[PDB]
């Protein structure tokens, strides 16, 4: 029961529970990515740190959604967390491509829930996503795109390596 | 006259004036609640403080709306402030039930004005309410619901009292 | 591949991966317990905090095991995380009984892996568990047993309540 | 003579003296590695520092074992220290491969002495090795494996170099 629920549709409540699952699955995927890069035969500790930090950010996003579900009077429901899609993640370029696909999927789930909230005339839900999630995703996807371009630059060629070093070491 | 008004409907202007009245009436109701709990034959000073703080928060909400009305070029109009609905407020449980009814009514008035602003394509009004009022109301109603559950727990039974004390004194 | 693996059996490697699953499932169970107690119709915020802290401790235990798996040259493998066994957790007493069952199961899994490590003459694994997990579990189970006794004391009777308050408020 | 010896086998005493020899031989090997990298025709001062630090760590391990031998009432006996196996150590990759072989040999000698101590029911010896040597060796061998992977990455190819620089300079 709840004595607080007001203007909070059953459709939003259930979509919030699905989005918590998506963010906890993404956290799990980033935990697997992180520990893969800590393998002695892979040994890229900054790439491990990058993904382990993202694991923490996705768990915190799930926790914020769960706090909001209770603030609105909905009821958290948990489902199983699917294991990540790979057991080994390839090169840094493979891993960063998998990470941008994952973030694009989270961003589309946020936009779909925003559209539901707008259809349901739920401005608290719409502002919650705008304030705490939509720009976080735009900023992260921009960073990951910049990283993809620099990984390819570096692995690709002499001119690319040189251009990267000039930026990093002179400018 | 105004030389600043732009995209601000007469419908929103008048609804903002009505909402100022509602928030100043709510402030008045909480002033009455506060002083009732300060009576020597009632004597629950933390309950008096809880409501007197809410009186101040509702007056500040009215003042923010009035500042916004002038920022947009509308004209504040004041109406009489109806006296509160009761002269004596019963138990803490009665008073907290009356407070959650009052907040639900303020929250629905905010949602109604947001819907008007959206219909009028007034995004400054819609963001103003989202930023300064809708989450304040969700947070307060969640707190008041938590309080209702704990008041009933405590007044209700042995097991309830014990469970409350374990949470408060051990955890 | 690994060029570091030494004295680390495939049996231990696989049992470490199963134990990571058990600790991440326990973290998930405590996340569900935590948010249940944050419901407005339950509203025991110290009980929510108690379980949310335990969610964090169990995730950190899984992360320590995963770091160890890579330190030894084994390979992390993740499986799906089963959803928790309940969607609603009852009273504080129900929840604390479920938590002690969960910890007893983690403790027996630690003792089983210690016995495997001893059988495999793997003293690094055995000391790792002794140093970082076995006394943490004994201490937590002792605390949870103390809590069960005090919850029952408090919910049970006049004499019990009084005895608890004397300890908390005079001594 | 000793008036303190208790539960300390002649087999452990003699194996501790052999292990002191092994650790002082390893210190000697790392002193030779260090000064080879300080040659003007080799000139890799960070590699010289890496090995000179390991020379100091292995001498300190021998000193800890000798303190323990006297704490237990055994008698230190020293043997000649064989010169290191090479006079010149090749590339950084050659040297790091020689260092991981050396550490694996020290780790197996520790595991063999732990097994002797366990067979002799000498828990003080077994805990001494667990506490002060077995995890130090696991951690060092993990670091050396990470280093081998990064040396090969860097010397091997364009893509490898680029991937290393992205990790070091962007992440």
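All positions are counted from 1 along the displayed chain.
Technique stated in the header: X-ray crystallography, 1.5 Å.
Using N, Cα and C of the backbone, Cβ positions are placed for all residues, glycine too.
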Of the residue ranges B:53-60, B:61-68, B:69-76, B:77-84, the one that Swiss-Prot records as region 'Catalytic site for iron oxidation': B:53-60
Neighbourhood of residue B:56 (Fe cation binding site) by C-beta distance under 8 A, where only residues 6 or more apart in the same chain count: B:27
Residue pair residue B:60 (Fe cation binding site), residue B:1 (N-acetylserine) - Cα distance, angstrom, rounded: 26
Cα-Cα distance linking residue B:63 (Fe cation binding site) and residue B:1 (N-acetylserine), given in Å to the nearest integer: 21
Proximal but sequence-remote residues of the same chain as residue B:53 (Fe cation binding site) (Cβ under 8 Å, at least 6 apart): none
Chain-internal residues, separated by at least six, CB under 8 A from residue B:57 (Fe cation binding site): B:136
Residues from B:1, B:56, B:57, B:63 facing chain A - recorded positions, CB under 8 A: none
